[PDB]
Amino acid sequence: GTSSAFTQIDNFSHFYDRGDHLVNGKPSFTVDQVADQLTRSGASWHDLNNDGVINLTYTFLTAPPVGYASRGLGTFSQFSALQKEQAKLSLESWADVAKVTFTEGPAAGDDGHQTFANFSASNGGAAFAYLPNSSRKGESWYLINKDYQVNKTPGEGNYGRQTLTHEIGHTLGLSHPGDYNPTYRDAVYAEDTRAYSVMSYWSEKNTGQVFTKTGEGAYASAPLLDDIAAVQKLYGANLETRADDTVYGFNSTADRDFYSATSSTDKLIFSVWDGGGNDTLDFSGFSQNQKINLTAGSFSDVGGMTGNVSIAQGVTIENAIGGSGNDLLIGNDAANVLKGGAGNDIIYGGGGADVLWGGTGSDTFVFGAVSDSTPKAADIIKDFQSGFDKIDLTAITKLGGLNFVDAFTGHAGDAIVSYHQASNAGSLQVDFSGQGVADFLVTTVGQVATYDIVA
Ligand SMILES: [Ca+2]
Ligand SMILES: [Ca+2]
Ligand SMILES: [Ca+2]
Ligand SMILES: [Ca+2]
Ligand SMILES: [Ca+2]
Ligand SMILES: [Ca+2]
Ligand SMILES: [Ca+2]
Ligand SMILES: [Ca+2]
Ligand SMILES: [Zn+2]
């Protein structure tokens with residue numbers, strides 16, 4: 001008993017729900033359950049000088065360490081200049097989210113020390129690291145030989161960069177999501193894939209995400225939604241990161257390669273961690289149909305891909321700009337600025353007084369409950385175009401319709417449409433409860449007609 005516009009919003013908002021169903025015999029785990037699974041060894045660095053932060057030093061080894069030859073690791077080599085630069089962006093991506101700092105220098109008052117280097121012999125792997133409770137705590141080692149060259153050219157979005165972020169995650173105390181010729185079949189929970197954690201080994205295709213674009217597949221460079229909860233559980237959240245207004249995506253002001261898009265063919269795979277301010281997800285440069293959800297902990301389908309963008313638990317992102325495609329935009333309980341751009345968009349501000357822009361195209365502004373837009377905290381539709389855009393109240397009315405009148409009559413379902421020509425301001429007031437006063441209000445820039453309302 002709802003329009004198709006509201007059903008699309010509602011289906012998308014629950015599409016990646018977790019924790020309440022099986023997937024092919026595996027239990028779906030919430031983010032908090034994963035945070036405990038990823039930290040189940042109990043190993044972590046300690047705050048030895050009690051200053052409230054894990055302060056670690058690291059060194060790119062230039063010579064084989066003491067005892068290296070008996071390790072069975074083959075030829076030693078130091079990191080190249082490109083491996084160092086990438087390793088520093090990976091370390092920064094972890095320090096952004098949790099209260100751990102990494103400074104290049106000799107083991108000195110440090111809570112711990114890390115080393116990075118290359119080896120040539122394969123022992124079953126591309127790279128390996130030790131947890132912080134081991135006698136080789138802080139070490140991580142990367143394979144480089146004539147048959148495996150991926151670690152020589154790490155770059156944003158490729159597996160060499162992901163491998164760095166992943167091995168640093170182990171040096172911080174994170175384990176693989178499962179105790180692992182293993183495959184996704186050995187996963188313990190359904191979300192053990194690289195759409196939720198960079199610690200997993202399994203392709204995101206197992207959980208349905210589409211990360212491939214123009215024939216090629218990508219890898220998240222930085223910690224993903226579950227990784228952020230796991231490392232924040234060990235060391236605390238870093239609330240100073242990006243604490244002023246920030247833009248992610250196109251026109252990014254985040255200053256991180258994995259949060260920036262500069263063309264419509266870019267493959268973004270990221271989870272947003274942000275410590276404060278009035279922030280915007282800007283995806284205006286894509287022309288594919290996108291589905292954008294501002295709810296904390298949720299996933300969006302951006303740039304022609306699916307399940308590739310998420311917002312970390314605990315973060316409030318306020319604004320979102322869609323692209324030239326027909327998009328879905330879901331706001332959260334704060335006051336949001338939501339812009340559809342070209343295309344026929346469906347926009348749902350949710351709680352709070354939102355500022356809605358449909359852009360060109362026939363857009364639908366969707367209202368799922370009376371508290372979405374009340375006389376004291378009413379949405380405004382800034383570019384309402386009568387005859388083209390629609391205001392949709394069917395989730396509330398269940399298609400019972402409205403009674404349009406000039407003054408409240410005292411019956412539930414009465415509605416008044418007015419227009420103030422000197423300020424070019426329209427409004428829709430509805431008395432859903434029936435006491436002859438408005439319980440619901442939406443305002444617009446531009447006249448609104450009775451036929452622009454779906455109820
Ligand atoms: Ca410390
Ligand atoms: Ca911010
Ligand atoms: Ca914010
Ligand atoms: Ca659009
Ligand atoms: Ca809102
Ligand atoms: Ca539009
Ligand atoms: Ca429009
Ligand atoms: Ca609202
Ligand atoms: Zn690993």
# chains A, B, ... in the order shown; residues from 1 in each chain; ligands from 1

call {"tool": "residues_near_ligand", "arguments": {"ligand": "ligand 3", "cutoff": "10 Å", "atoms": "only C-alpha atoms and all ligand atoms", "output": "short mmCIF file (atom, residue, chain, number, x, y, z; two decimals) with N, CA, C and O atoms, in the first residue's frame"}}
result
data_model
loop_
_atom_site.label_atom_id
_atom_site.label_comp_id
_atom_site.auth_asym_id
_atom_site.auth_seq_id
_atom_site.Cartn_x
_atom_site.Cartn_y
_atom_site.Cartn_z
N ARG A 242 39.91 14.92 10.56
CA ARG A 242 38.97 15.56 9.68
C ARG A 242 37.83 16.15 10.48
O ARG A 242 36.69 15.76 10.25
N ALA A 243 38.07 16.85 11.58
CA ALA A 243 37.07 17.34 12.47
C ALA A 243 36.44 18.65 12.01
O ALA A 243 35.55 19.09 12.74
N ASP A 244 36.81 19.25 10.92
CA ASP A 244 36.18 20.45 10.38
C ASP A 244 35.29 20.06 9.20
O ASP A 244 35.19 18.84 8.98
N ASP A 245 34.69 20.88 8.36
CA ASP A 245 33.84 20.40 7.28
C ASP A 245 34.66 19.67 6.21
O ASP A 245 35.70 20.20 5.85
N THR A 246 34.19 18.49 5.75
CA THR A 246 35.03 17.76 4.80
C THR A 246 34.18 17.32 3.61
O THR A 246 33.04 16.88 3.80
N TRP A 273 35.64 7.56 7.65
CA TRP A 273 35.87 7.82 9.06
C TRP A 273 36.05 9.33 9.17
O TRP A 273 36.80 9.90 8.33
N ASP A 274 35.26 9.96 10.04
CA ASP A 274 35.33 11.45 10.07
C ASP A 274 35.01 11.89 11.51
O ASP A 274 34.04 11.35 12.08
N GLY A 275 35.77 12.84 12.07
CA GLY A 275 35.56 13.12 13.51
C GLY A 275 34.67 14.27 13.86
O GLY A 275 34.46 14.53 15.08
N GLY A 276 34.14 14.98 12.88
CA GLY A 276 33.23 16.10 13.25
C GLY A 276 32.98 17.04 12.10
O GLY A 276 33.62 16.94 11.06
N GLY A 277 32.12 18.03 12.14
CA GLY A 277 31.96 19.03 11.13
C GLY A 277 30.75 18.76 10.24
O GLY A 277 30.05 17.79 10.46
N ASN A 278 30.53 19.55 9.24
CA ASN A 278 29.38 19.41 8.32
C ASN A 278 29.97 18.90 7.04
O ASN A 278 30.79 19.55 6.35
N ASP A 279 29.74 17.60 6.77
CA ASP A 279 30.44 16.88 5.71
C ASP A 279 29.60 16.45 4.51
O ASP A 279 28.41 16.23 4.69
N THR A 280 30.25 16.34 3.35
CA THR A 280 29.44 15.97 2.18
C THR A 280 30.06 14.80 1.40
O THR A 280 31.28 14.71 1.31
N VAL A 315 29.78 7.59 12.84
CA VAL A 315 30.04 8.84 12.14
C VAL A 315 28.71 9.45 11.62
O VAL A 315 27.90 8.74 11.02
N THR A 316 28.59 10.77 11.66
CA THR A 316 27.43 11.44 11.09
C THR A 316 27.84 12.23 9.87
O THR A 316 28.65 13.15 10.03
N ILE A 317 27.44 11.88 8.70
CA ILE A 317 27.74 12.60 7.46
C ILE A 317 26.38 13.29 7.14
O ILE A 317 25.30 12.65 7.14
N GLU A 318 26.47 14.59 6.85
CA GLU A 318 25.27 15.41 6.72
C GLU A 318 24.72 15.55 5.31
O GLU A 318 23.53 15.58 5.12
N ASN A 319 25.58 15.61 4.27
CA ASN A 319 25.08 16.00 2.95
C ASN A 319 25.48 15.06 1.84
O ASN A 319 26.50 14.38 2.07
N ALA A 334 19.91 13.69 11.08
CA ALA A 334 20.35 15.10 11.23
C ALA A 334 19.67 15.95 10.16
O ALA A 334 19.17 15.39 9.17
#

call {"tool": "residues_near_ligand", "arguments": {"ligand": "ligand 7", "cutoff": "7 Å", "atoms": "only C-alpha atoms and all ligand atoms", "output": "PyMOL selection string"}}
result
chain A and resi 358-363+383-385+388-389

call {"tool": "write_last_selection", "arguments": {"atoms": "N, CA, C and O atoms", "output": "JSON list (two decimals), in the first residue's frame"}}
result
[["chain", "number", "residue", "atom", "x", "y", "z"],
["A", 358, "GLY", "N", 16.06, 18.77, -5.88],
["A", 358, "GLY", "CA", 15.82, 17.74, -6.88],
["A", 358, "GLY", "C", 16.74, 17.89, -8.10],
["A", 358, "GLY", "O", 17.18, 16.87, -8.63],
["A", 359, "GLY", "N", 17.11, 19.09, -8.50],
["A", 359, "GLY", "CA", 17.91, 19.37, -9.68],
["A", 359, "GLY", "C", 17.02, 19.26, -10.90],
["A", 359, "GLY", "O", 15.80, 19.17, -10.73],
["A", 360, "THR", "N", 17.51, 19.17, -12.14],
["A", 360, "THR", "CA", 16.61, 18.99, -13.27],
["A", 360, "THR", "C", 16.05, 17.62, -13.29],
["A", 360, "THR", "O", 16.55, 16.80, -12.46],
["A", 361, "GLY", "N", 15.06, 17.24, -14.08],
["A", 361, "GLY", "CA", 14.55, 15.87, -14.11],
["A", 361, "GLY", "C", 13.30, 15.79, -13.21],
["A", 361, "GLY", "O", 13.03, 16.77, -12.50],
["A", 362, "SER", "N", 12.46, 14.77, -13.25],
["A", 362, "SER", "CA", 11.32, 14.68, -12.39],
["A", 362, "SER", "C", 11.68, 13.95, -11.11],
["A", 362, "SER", "O", 11.87, 12.74, -11.14],
["A", 363, "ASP", "N", 11.75, 14.69, -10.02],
["A", 363, "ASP", "CA", 12.21, 14.04, -8.79],
["A", 363, "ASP", "C", 11.07, 13.76, -7.85],
["A", 363, "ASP", "O", 10.11, 14.53, -7.84],
["A", 383, "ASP", "N", 14.04, 23.68, -5.06],
["A", 383, "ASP", "CA", 13.88, 23.95, -6.49],
["A", 383, "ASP", "C", 12.64, 23.20, -6.95],
["A", 383, "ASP", "O", 12.77, 22.50, -7.96],
["A", 384, "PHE", "N", 11.53, 23.21, -6.23],
["A", 384, "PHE", "CA", 10.36, 22.41, -6.58],
["A", 384, "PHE", "C", 9.74, 22.81, -7.93],
["A", 384, "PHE", "O", 9.51, 24.02, -8.11],
["A", 385, "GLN", "N", 9.53, 21.84, -8.82],
["A", 385, "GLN", "CA", 9.01, 22.26, -10.16],
["A", 385, "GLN", "C", 7.67, 21.57, -10.33],
["A", 385, "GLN", "O", 7.63, 20.32, -10.53],
["A", 388, "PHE", "N", 6.45, 18.52, -12.62],
["A", 388, "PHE", "CA", 7.56, 17.62, -12.89],
["A", 388, "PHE", "C", 7.88, 16.82, -11.60],
["A", 388, "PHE", "O", 7.81, 15.60, -11.65],
["A", 389, "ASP", "N", 8.10, 17.47, -10.48],
["A", 389, "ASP", "CA", 8.47, 16.79, -9.26],
["A", 389, "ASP", "C", 7.21, 16.41, -8.47],
["A", 389, "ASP", "O", 6.14, 16.97, -8.73]]

call {"tool": "select_by_dssp", "arguments": {"residues": "range 229-326 of chain A", "states": "strand (DSSP E or B)", "output": "ChimeraX atom specification"}}
result
/A:237,247-249,260,270-272,280-282,291-293,299-301,306,309-311,319-321

call {"tool": "write_last_selection", "arguments": {"atoms": "N, CA and C atoms", "output": "mmCIF file, in the first residue's frame"}}
result
data_model
loop_
_atom_site.group_PDB
_atom_site.id
_atom_site.type_symbol
_atom_site.label_atom_id
_atom_site.label_comp_id
_atom_site.auth_asym_id
_atom_site.auth_seq_id
_atom_site.Cartn_x
_atom_site.Cartn_y
_atom_site.Cartn_z
ATOM 1 N N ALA A 237 38.856 5.392 19.286
ATOM 2 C CA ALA A 237 38.644 6.131 18.057
ATOM 3 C C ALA A 237 39.431 7.396 17.950
ATOM 4 N N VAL A 247 34.715 17.229 2.414
ATOM 5 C CA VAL A 247 34.048 16.691 1.254
ATOM 6 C C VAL A 247 34.858 15.428 0.866
ATOM 7 N N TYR A 248 34.131 14.366 0.639
ATOM 8 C CA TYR A 248 34.682 13.098 0.126
ATOM 9 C C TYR A 248 34.176 12.850 -1.288
ATOM 10 N N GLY A 249 34.926 12.223 -2.133
ATOM 11 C CA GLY A 249 34.482 11.860 -3.504
ATOM 12 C C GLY A 249 35.092 12.862 -4.515
ATOM 13 N N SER A 260 39.262 10.274 -3.022
ATOM 14 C CA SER A 260 39.155 11.282 -4.077
ATOM 15 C C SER A 260 38.769 10.686 -5.420
ATOM 16 N N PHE A 270 35.729 2.616 -0.395
ATOM 17 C CA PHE A 270 36.145 3.212 0.871
ATOM 18 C C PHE A 270 35.033 3.175 1.927
ATOM 19 N N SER A 271 35.551 3.353 3.147
ATOM 20 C CA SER A 271 34.661 3.442 4.303
ATOM 21 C C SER A 271 35.036 4.792 4.918
ATOM 22 N N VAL A 272 34.095 5.674 5.173
ATOM 23 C CA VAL A 272 34.314 6.988 5.712
ATOM 24 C C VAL A 272 34.507 7.030 7.216
ATOM 25 N N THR A 280 30.252 16.336 3.346
ATOM 26 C CA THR A 280 29.443 15.967 2.176
ATOM 27 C C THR A 280 30.058 14.802 1.402
ATOM 28 N N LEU A 281 29.255 13.866 0.945
ATOM 29 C CA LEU A 281 29.662 12.822 0.022
ATOM 30 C C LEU A 281 29.280 13.483 -1.341
ATOM 31 N N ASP A 282 30.289 13.779 -2.136
ATOM 32 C CA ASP A 282 30.011 14.377 -3.435
ATOM 33 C C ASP A 282 30.256 13.368 -4.558
ATOM 34 N N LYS A 291 22.979 4.779 -5.570
ATOM 35 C CA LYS A 291 22.099 4.627 -4.376
ATOM 36 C C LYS A 291 22.943 5.033 -3.168
ATOM 37 N N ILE A 292 22.626 6.133 -2.539
ATOM 38 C CA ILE A 292 23.474 6.768 -1.537
ATOM 39 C C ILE A 292 22.818 6.843 -0.187
ATOM 40 N N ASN A 293 23.438 6.184 0.801
ATOM 41 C CA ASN A 293 22.726 6.166 2.119
ATOM 42 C C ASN A 293 23.600 6.854 3.148
ATOM 43 N N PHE A 299 25.832 0.959 3.678
ATOM 44 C CA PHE A 299 26.547 0.910 2.398
ATOM 45 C C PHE A 299 25.801 1.655 1.303
ATOM 46 N N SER A 300 26.542 2.130 0.293
ATOM 47 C CA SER A 300 25.955 2.818 -0.842
ATOM 48 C C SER A 300 26.481 2.150 -2.113
ATOM 49 N N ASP A 301 25.809 2.379 -3.251
ATOM 50 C CA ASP A 301 26.224 1.790 -4.500
ATOM 51 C C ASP A 301 26.617 3.008 -5.378
ATOM 52 N N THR A 306 28.677 -1.673 -6.689
ATOM 53 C CA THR A 306 27.633 -1.827 -5.668
ATOM 54 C C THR A 306 28.325 -2.172 -4.341
ATOM 55 N N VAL A 309 30.904 1.816 -1.112
ATOM 56 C CA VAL A 309 31.101 2.966 -0.199
ATOM 57 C C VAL A 309 30.312 2.718 1.068
ATOM 58 N N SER A 310 30.853 3.041 2.226
ATOM 59 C CA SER A 310 30.191 2.892 3.475
ATOM 60 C C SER A 310 30.616 4.024 4.424
ATOM 61 N N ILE A 311 29.851 4.188 5.482
ATOM 62 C CA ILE A 311 30.127 5.210 6.506
ATOM 63 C C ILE A 311 30.345 4.432 7.795
ATOM 64 N N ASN A 319 25.576 15.615 4.271
ATOM 65 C CA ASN A 319 25.080 16.000 2.949
ATOM 66 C C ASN A 319 25.484 15.064 1.845
ATOM 67 N N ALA A 320 24.713 15.026 0.768
ATOM 68 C CA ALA A 320 25.111 14.070 -0.308
ATOM 69 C C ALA A 320 24.669 14.645 -1.638
ATOM 70 N N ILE A 321 25.476 14.548 -2.668
ATOM 71 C CA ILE A 321 25.183 15.070 -4.009
ATOM 72 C C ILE A 321 25.237 13.864 -4.958
#

call {"tool": "residues_around", "arguments": {"residues": "residue 21 in chain A", "least_positions_apart": "5", "cutoff": "12 Å", "atoms": "only C-alpha atoms", "output": "list in words"}}
result
residues 16, 26, 27, 28, 29, 30, 189, 190 and 191 of chain A

call {"tool": "write_last_selection", "arguments": {"atoms": "N, CA and C atoms", "output": "compact mmCIF listing (two decimals), in the first residue's frame"}}
result
# COMPACT_ATOMS: atom_id res chain seq x y z
N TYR A 16 21.59 -4.18 2.77
CA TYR A 16 22.85 -4.76 3.33
C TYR A 16 22.66 -5.00 4.83
N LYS A 26 25.79 -19.74 6.38
CA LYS A 26 26.70 -19.03 7.26
C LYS A 26 25.86 -17.93 7.90
N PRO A 27 26.16 -17.67 9.16
CA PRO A 27 25.51 -16.64 9.90
C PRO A 27 26.05 -15.27 9.48
N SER A 28 25.17 -14.31 9.30
CA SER A 28 25.49 -12.91 9.11
C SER A 28 25.83 -12.33 10.46
N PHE A 29 27.00 -11.64 10.56
CA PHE A 29 27.44 -11.05 11.82
C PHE A 29 27.31 -9.51 11.74
N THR A 30 26.91 -8.80 12.77
CA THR A 30 26.93 -7.33 12.72
C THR A 30 28.38 -6.85 12.76
N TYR A 189 31.67 -16.60 9.02
CA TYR A 189 30.41 -15.76 8.93
C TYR A 189 30.37 -15.24 7.50
N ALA A 190 29.22 -14.76 7.02
CA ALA A 190 28.96 -14.48 5.65
C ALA A 190 29.79 -13.29 5.15
N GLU A 191 30.00 -12.28 6.00
CA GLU A 191 30.71 -11.05 5.62
C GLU A 191 32.21 -11.10 5.65

call {"tool": "residues_around", "arguments": {"residues": "range 78-86 of chain A", "least_positions_apart": "4", "cutoff": "9 Å", "atoms": "only C-alpha atoms", "output": "list in words"}}
result
residues 60, 61, 62, 63, 64, 90, 91, 116, 117, 118, 119, 151, 152, 153, 154, 155, 156, 160, 161 and 164 of chain A

call {"tool": "write_last_selection", "arguments": {"atoms": "N, CA, C and O atoms", "output": "short mmCIF file (atom, residue, chain, number, x, y, z; two decimals), in the first residue's frame"}}
result
data_model
loop_
_atom_site.label_atom_id
_atom_site.label_comp_id
_atom_site.auth_asym_id
_atom_site.auth_seq_id
_atom_site.Cartn_x
_atom_site.Cartn_y
_atom_site.Cartn_z
N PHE A 60 62.56 1.15 7.56
CA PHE A 60 62.62 0.36 6.32
C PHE A 60 64.01 -0.28 6.43
O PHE A 60 64.97 0.49 6.40
N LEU A 61 64.11 -1.57 6.73
CA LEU A 61 65.46 -2.11 6.88
C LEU A 61 66.32 -1.97 5.62
O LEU A 61 65.89 -2.20 4.50
N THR A 62 67.60 -1.65 5.84
CA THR A 62 68.51 -1.49 4.66
C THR A 62 69.46 -2.68 4.60
O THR A 62 70.07 -2.99 3.57
N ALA A 63 69.58 -3.41 5.69
CA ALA A 63 70.45 -4.60 5.74
C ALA A 63 69.69 -5.69 6.46
O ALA A 63 68.74 -5.45 7.19
N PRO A 64 69.99 -6.94 6.13
CA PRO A 64 69.32 -8.08 6.72
C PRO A 64 69.49 -8.03 8.23
O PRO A 64 70.59 -7.77 8.68
N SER A 90 49.65 3.84 3.75
CA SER A 90 48.85 2.79 4.42
C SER A 90 48.89 3.03 5.92
O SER A 90 47.90 2.94 6.61
N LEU A 91 50.06 3.29 6.50
CA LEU A 91 50.21 3.59 7.92
C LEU A 91 49.34 4.82 8.26
O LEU A 91 48.64 4.81 9.25
N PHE A 116 59.98 -3.13 8.07
CA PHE A 116 59.47 -3.53 6.78
C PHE A 116 60.66 -3.95 5.90
O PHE A 116 61.65 -3.20 5.84
N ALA A 117 60.51 -4.98 5.09
CA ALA A 117 61.51 -5.41 4.17
C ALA A 117 60.94 -6.44 3.22
O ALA A 117 59.86 -6.99 3.50
N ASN A 118 61.71 -6.74 2.19
CA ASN A 118 61.33 -7.77 1.20
C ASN A 118 62.09 -9.08 1.33
O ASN A 118 63.21 -9.06 1.81
N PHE A 119 61.52 -10.20 0.83
CA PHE A 119 62.20 -11.48 0.83
C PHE A 119 61.86 -12.16 -0.52
O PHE A 119 60.94 -11.69 -1.19
N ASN A 151 54.04 -6.90 -5.23
CA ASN A 151 54.50 -6.05 -4.14
C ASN A 151 55.50 -5.01 -4.62
O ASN A 151 55.79 -4.10 -3.85
N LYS A 152 55.96 -5.14 -5.88
CA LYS A 152 56.86 -4.12 -6.36
C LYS A 152 56.16 -2.85 -6.76
O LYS A 152 56.80 -1.81 -6.74
N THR A 153 54.90 -2.90 -7.22
CA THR A 153 54.23 -1.68 -7.63
C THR A 153 52.89 -1.43 -6.94
O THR A 153 51.80 -1.37 -7.55
N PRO A 154 52.94 -1.19 -5.63
CA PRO A 154 51.71 -0.88 -4.90
C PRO A 154 51.24 0.49 -5.40
O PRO A 154 52.07 1.37 -5.64
N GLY A 155 49.94 0.68 -5.53
CA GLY A 155 49.38 1.99 -5.96
C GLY A 155 47.93 1.90 -5.47
O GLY A 155 47.38 0.83 -5.14
N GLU A 156 47.29 3.03 -5.43
CA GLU A 156 45.92 3.14 -4.96
C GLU A 156 44.98 2.20 -5.72
O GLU A 156 44.96 2.24 -6.98
N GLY A 160 48.82 -4.65 -4.28
CA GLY A 160 50.09 -4.33 -3.60
C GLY A 160 49.77 -3.33 -2.46
O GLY A 160 50.32 -3.45 -1.36
N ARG A 161 48.95 -2.30 -2.67
CA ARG A 161 48.61 -1.34 -1.65
C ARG A 161 47.74 -1.99 -0.59
O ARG A 161 47.95 -1.90 0.62
N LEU A 164 49.87 -4.09 1.85
CA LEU A 164 50.48 -3.27 2.90
C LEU A 164 49.49 -2.96 4.03
O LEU A 164 49.82 -3.09 5.21
#

call {"tool": "residues_near_ligand", "arguments": {"ligand": "ligand 1", "cutoff": "10 Å", "atoms": "only C-alpha atoms and all ligand atoms", "output": "list in words"}}
result
residues 45, 46, 47, 48, 49, 50, 51, 52, 53, 54, 55, 56, 99, 100, 101, 109, 110, 111 and 112 of chain A

call {"tool": "write_last_selection", "arguments": {"atoms": "N, CA, C and O atoms", "output": "PDB file, in the first residue's frame"}}
result
ATOM      1  N   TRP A  45      49.339  -3.755  21.227  1.00  0.00           N
ATOM      2  CA  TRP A  45      50.412  -2.949  21.744  1.00  0.00           C
ATOM      3  C   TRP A  45      49.966  -2.312  23.065  1.00  0.00           C
ATOM      4  O   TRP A  45      48.779  -2.137  23.284  1.00  0.00           O
ATOM      5  N   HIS A  46      50.887  -1.982  23.955  1.00  0.00           N
ATOM      6  CA  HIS A  46      50.554  -1.367  25.220  1.00  0.00           C
ATOM      7  C   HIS A  46      51.098   0.038  25.299  1.00  0.00           C
ATOM      8  O   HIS A  46      52.105   0.350  24.652  1.00  0.00           O
ATOM      9  N   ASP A  47      50.359   0.810  26.095  1.00  0.00           N
ATOM     10  CA  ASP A  47      50.777   2.213  26.258  1.00  0.00           C
ATOM     11  C   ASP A  47      51.813   2.364  27.368  1.00  0.00           C
ATOM     12  O   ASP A  47      51.502   2.923  28.427  1.00  0.00           O
ATOM     13  N   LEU A  48      53.026   1.878  27.161  1.00  0.00           N
ATOM     14  CA  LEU A  48      54.133   1.865  28.077  1.00  0.00           C
ATOM     15  C   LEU A  48      54.526   3.212  28.673  1.00  0.00           C
ATOM     16  O   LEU A  48      55.006   3.132  29.805  1.00  0.00           O
ATOM     17  N   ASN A  49      54.335   4.387  28.085  1.00  0.00           N
ATOM     18  CA  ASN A  49      54.650   5.632  28.782  1.00  0.00           C
ATOM     19  C   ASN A  49      53.389   6.385  29.177  1.00  0.00           C
ATOM     20  O   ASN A  49      53.385   7.595  29.370  1.00  0.00           O
ATOM     21  N   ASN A  50      52.233   5.751  29.222  1.00  0.00           N
ATOM     22  CA  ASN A  50      50.981   6.327  29.643  1.00  0.00           C
ATOM     23  C   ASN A  50      50.611   7.718  29.125  1.00  0.00           C
ATOM     24  O   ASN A  50      49.995   8.517  29.882  1.00  0.00           O
ATOM     25  N   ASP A  51      50.749   7.988  27.819  1.00  0.00           N
ATOM     26  CA  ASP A  51      50.353   9.311  27.310  1.00  0.00           C
ATOM     27  C   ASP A  51      49.033   9.250  26.570  1.00  0.00           C
ATOM     28  O   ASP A  51      48.637  10.207  25.920  1.00  0.00           O
ATOM     29  N   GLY A  52      48.333   8.111  26.595  1.00  0.00           N
ATOM     30  CA  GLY A  52      47.043   7.943  25.944  1.00  0.00           C
ATOM     31  C   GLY A  52      47.066   7.601  24.478  1.00  0.00           C
ATOM     32  O   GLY A  52      46.021   7.390  23.858  1.00  0.00           O
ATOM     33  N   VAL A  53      48.244   7.321  23.897  1.00  0.00           N
ATOM     34  CA  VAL A  53      48.260   6.984  22.474  1.00  0.00           C
ATOM     35  C   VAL A  53      49.252   5.894  22.184  1.00  0.00           C
ATOM     36  O   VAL A  53      50.139   5.816  23.005  1.00  0.00           O
ATOM     37  N   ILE A  54      49.090   5.030  21.203  1.00  0.00           N
ATOM     38  CA  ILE A  54      50.148   4.033  20.999  1.00  0.00           C
ATOM     39  C   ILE A  54      51.165   4.747  20.107  1.00  0.00           C
ATOM     40  O   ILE A  54      50.787   5.046  18.971  1.00  0.00           O
ATOM     41  N   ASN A  55      52.365   5.055  20.573  1.00  0.00           N
ATOM     42  CA  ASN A  55      53.344   5.737  19.737  1.00  0.00           C
ATOM     43  C   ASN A  55      54.407   4.743  19.283  1.00  0.00           C
ATOM     44  O   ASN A  55      55.226   4.289  20.090  1.00  0.00           O
ATOM     45  N   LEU A  56      54.400   4.437  17.986  1.00  0.00           N
ATOM     46  CA  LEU A  56      55.314   3.422  17.438  1.00  0.00           C
ATOM     47  C   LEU A  56      56.302   4.049  16.468  1.00  0.00           C
ATOM     48  O   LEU A  56      55.940   5.008  15.792  1.00  0.00           O
ATOM     49  N   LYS A  99      43.878   5.682  17.759  1.00  0.00           N
ATOM     50  CA  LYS A  99      44.893   6.471  18.492  1.00  0.00           C
ATOM     51  C   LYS A  99      46.200   5.742  18.575  1.00  0.00           C
ATOM     52  O   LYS A  99      46.638   5.217  19.608  1.00  0.00           O
ATOM     53  N   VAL A 100      46.814   5.619  17.403  1.00  0.00           N
ATOM     54  CA  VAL A 100      48.087   4.995  17.195  1.00  0.00           C
ATOM     55  C   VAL A 100      48.773   5.998  16.254  1.00  0.00           C
ATOM     56  O   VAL A 100      48.123   6.526  15.350  1.00  0.00           O
ATOM     57  N   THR A 101      50.046   6.199  16.527  1.00  0.00           N
ATOM     58  CA  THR A 101      50.847   7.137  15.679  1.00  0.00           C
ATOM     59  C   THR A 101      52.042   6.321  15.199  1.00  0.00           C
ATOM     60  O   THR A 101      52.572   5.443  15.919  1.00  0.00           O
ATOM     61  N   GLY A 109      61.251   5.125  25.246  1.00  0.00           N
ATOM     62  CA  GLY A 109      59.990   5.880  25.239  1.00  0.00           C
ATOM     63  C   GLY A 109      59.034   5.521  24.106  1.00  0.00           C
ATOM     64  O   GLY A 109      57.939   6.071  24.076  1.00  0.00           O
ATOM     65  N   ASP A 110      59.427   4.654  23.184  1.00  0.00           N
ATOM     66  CA  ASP A 110      58.482   4.236  22.145  1.00  0.00           C
ATOM     67  C   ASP A 110      57.619   3.146  22.761  1.00  0.00           C
ATOM     68  O   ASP A 110      58.214   2.365  23.498  1.00  0.00           O
ATOM     69  N   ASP A 111      56.340   3.000  22.443  1.00  0.00           N
ATOM     70  CA  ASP A 111      55.677   1.775  22.929  1.00  0.00           C
ATOM     71  C   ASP A 111      56.044   0.548  22.125  1.00  0.00           C
ATOM     72  O   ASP A 111      55.552  -0.523  22.493  1.00  0.00           O
ATOM     73  N   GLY A 112      56.725   0.716  20.975  1.00  0.00           N
ATOM     74  CA  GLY A 112      56.963  -0.473  20.126  1.00  0.00           C
ATOM     75  C   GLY A 112      57.667   0.043  18.844  1.00  0.00           C
ATOM     76  O   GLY A 112      57.696   1.258  18.556  1.00  0.00           O
TER      77      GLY A 112
END

call {"tool": "atom_distance", "arguments": {"atom1": "CA of residue 126 in chain A", "atom2": "CA of residue 145 in chain A"}}
result
10.0 Å
